[PDB]
Amino acid sequence: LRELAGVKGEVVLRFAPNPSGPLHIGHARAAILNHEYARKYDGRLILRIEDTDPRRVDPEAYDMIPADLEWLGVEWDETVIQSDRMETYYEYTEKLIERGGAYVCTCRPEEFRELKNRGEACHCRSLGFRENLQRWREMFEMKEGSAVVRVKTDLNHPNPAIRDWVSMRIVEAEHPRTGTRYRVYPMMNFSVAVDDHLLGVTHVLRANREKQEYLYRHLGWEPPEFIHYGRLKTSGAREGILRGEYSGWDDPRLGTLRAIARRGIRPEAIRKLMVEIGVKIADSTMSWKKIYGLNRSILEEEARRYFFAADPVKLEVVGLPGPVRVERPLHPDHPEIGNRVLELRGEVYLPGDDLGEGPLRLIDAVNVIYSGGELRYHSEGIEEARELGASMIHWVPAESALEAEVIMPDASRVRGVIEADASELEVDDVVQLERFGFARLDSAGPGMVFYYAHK
Ligand SMILES: [Ca+2]
Ligand SMILES: [Zn+2]
C-alpha cells in the first residue's frame, strides 16, 4: 500500500458500516484496507456502527457485522455504536449553534431551495444564538420533516448540494435499539465529522469531505487526512429474504461474505484481491473470475479430490474381461492422505451432460466406446487410449455410489452420485469434484449437499 500523508504520532483509522444487513464484498474492501493500514502503521482501528437511520436498521446486523470482520481476519481496538451517542450529537449541535455555524430552519423545503439556488439567505440564517437554541429545543416536540438544522456554509458554493446542508432532522419512527426515545437524528455528514474528531481518527479511507470541512472549520477542529479510492465493479436483498426466493443471507445468489464463505471462497483470497488493488485513485473493475482465480490458487494445493457424476447415466461396461481395481490420489501433492481405491466390477455411473457417442477413457481405469446407448469395453492401457483418441471422463462404480447434490451459484440444484470415499468428508470440508468444480460440503449424508465455488 502507498504511504499515508501527514502521519504525526499514532495513526487511527475506522471502518464504519451501516447495520442494513451483513457485510458484502464492497464492505470487505474498506475493512481490509483500513485494517492493513492500521497494521502497517502500528495504529488503531475503530469499528463504528452507523445506525442513525431508524428505518434502515436490521437488528440482526449488530452481531453479524463483527462476526463477518472476524471471518475476514480483521482485528480492531474499539467498537462504537452511533445510536448510543445521541446526546453527544445534540451537545455538539448546541455548540455549533453557539459558535454561529448552524441554524434551525423552519422554511418549507421548496421555498428554501429556491432561495439557496440563487445564493440568497432565508430569515432563519440571521437568527442569533438564543433564538436558534430555542428553535432547536422545540424540534424535540415537532413533527417529522417540519424543521431541520442546517450547517452554515457558502450560499454561493459552485456545488448547490454543499450550500447550507442539513445536519439534523426529525424522524418519527421506532429505532430497533433505542425504541421511541429519540425523534431528532443526525445526518451522516454531521455524525461522521463529530465522531471522527472525538474518537481521534487521523486518516479517513473509503461531496462529503467538502461538506464536513465546514463543520471542522466552525468548531475549530483540524480535519483528518482524507483518502478516497476508486469504485470496484443490501436492502433489496433483505426484502428478498423476507418475501422469498432467497433462503437467507447465505443464499448463493447473494454477494454477502456469508454466501461466498458457504461456497468455499477463502477470506485470504478476498484479502489478497483487495490488497493488490490497493488504494488506486482510478476506478477499477474486478470480476468474480478474478476472485475465483485467487481462490483456485489456494484450493488447488490442498482440496481433496473426488469423482461426482452430475445427472448420471448408469451403464454396464459390456465385455469387461474382469474386475479392475483403480487407485487415484486424493491429492497428487499430498501423499500423506493416500489414494482412493475404486473397484470397477461391471456397472458405472457416467456424467450424462453432453455425453455423446465415441471413445472414452474412464480416468485411471479402462477405455470404452459409447454408441447406440451401449458402453463397450475396448482396452485398458494409456497408449491404446491415445490410439483411440479417447476423451477422459470421470466415473463412479455403481455398487458403492452415494447420492449427492451440488447447489450452484444461481441456487439451482445439480443431482448426481459421488464415489464412496466422499463419505469421509465432514461439513466445512472444501473439495475438488474432478472435472466439475471446487465445492464446500454444507450438510453430510445421507445425501451429501455441496455448495459450488468455481471451476
Ligand atoms: Ca494495532
Ligand atoms: Zn429558513
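Index from 1, following the sequence. All ligand and atom numbering here is 1-based and tracks the order in the structure. The figures here come from the full heavy-atom set of this structure, side chains too, leaving out hydrogens, waters and symmetry mates.
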Contact between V171 and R183 at the side-chain level, heavy atoms closer than 4.5 Å - yes or no? no
So does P252 get a backbone contact from the side chain of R262, meaning a donor-acceptor N/O pair under 3.5 Å? no
Quick one: how many protein N/O/S atoms are under 2.8 Å away from the Zn ion (ligand 2)? 4
Residues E144, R169: salt bridge by 4.0 Å N-O rule: no
Result for side chain to side chain contact (heavy atoms under 4.5 Å, CB included) between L23 and one of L69, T256, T234 points to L69
Would one find an N, O or S atom of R44, in either backbone or side chain, under 3.0 Å from the Ca ion (ligand 1)? no
Looking at side-chain heavy atoms only, is the closest gap between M408 and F450 below 4.5 Å? no
Whether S284 side chain and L232 backbone form a donor-acceptor pair below 3.5 Å: no
